[PDB]
């Protein structure tokens, strides 16, 4: 091969979290929402097969799979935790997926709600032609 290529795509992870003015009967003090998206509302579904949110073990059904945009989870709870997020690619070759450990932190009563954004850049060195055309459609 004479030529080679590196394709770069941008992801945006983030979450919002707001103190409820009255906790639920379970003691859930917060409503929060975590998401994975592209910037400028770009269509990352062109190359994203699914997004898996691994919630803390205390949750029921902690494996939350989003096969279509929006890639997000909305929940109520009482404490922050590390949230591993797996972004699976429409790619038979490697890399098959990528992983981010997302800090889902919550703020105290009386303070502003959490609004956090994490920008991540992915680089794919010499993808297959089929995966490359998907990456470039995004």
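Positions refer to the first chain, counted from 1.
Per the PDB record, of the two stretches 38-46 and 62-70, 38-46 carries the greater mean B-factor over its C-alpha atoms. Stretches compared: 26-34, 87-95. Higher mean C-alpha B-factor in the entry: 87-95. In the deposited entry, the Cα temperature factor of residue 54 places it in the lowest third of its chain's modelled residues. Sort the chain's modelled residues by C-alpha temperature factor and residue 118 lands in the lowest third, per the entry. Residue 110: CA B factor in the highest third of modelled residues in this chain (values from the PDB entry).
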